[PDB]
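Next up is one chain by itself, shown in structure tokens, the form deposited in one PDB entry.
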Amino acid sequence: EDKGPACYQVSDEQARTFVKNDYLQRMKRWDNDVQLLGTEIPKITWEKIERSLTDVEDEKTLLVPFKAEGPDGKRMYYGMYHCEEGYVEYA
């Protein structure tokens, strides 16, 4: 049923490798964001990934925050990695 591990199995490094690969892939097609940053390949700097103190084995999403910077812009992103399913959502 699961195309993916439980979030408590995923290290911060694995979480960041996935969100980075995913975001850079989708950045190609996101016009508003590319025009904003002025590049399809921004530089990325990570923030602290906060995990729940309680119900650790039950967490379904890891929040992976990062700034993406290009020549014309810098913007904060909140990647919601849904670990068990194989995807990220962005707010």
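For every residue, the number given is its place in the sequence shown, counted from 1. If you superpose the two forms and keep the largest set of C-alpha atoms that fall within 1.5 Å, you have the rigid core.
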Next item on the list: Between 59-67 and 24-32, name whichever shows the higher mean Cα B factor according to the PDB entry.
Entry: 24-32
Next item on the list: Determine, from the deposited record, the chain-internal third of the Cα B-factor for residue 84: lowest, middle or highest.
Entry: lowest
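Another form exists, deposited in another entry; not displayed. Remarks below refer to it.
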Item checked: Identity of the moved residue from 51, 43, 60, 28, C-alpha shift 2 angstroms or more, core fit between the shown form and the other one -> 28
Next item on the list: Can you tell whether residue 65 sits closer to or farther from residue 25 in the other entry than it does here, judged by CA atoms, where the change is 3 Å or more?
Entry: farther
Checklist line | Closer or farther in the other entry, the Cα atoms of residue 29 and residue 32, when the shift from this form is 3 Å or more | finding: closer
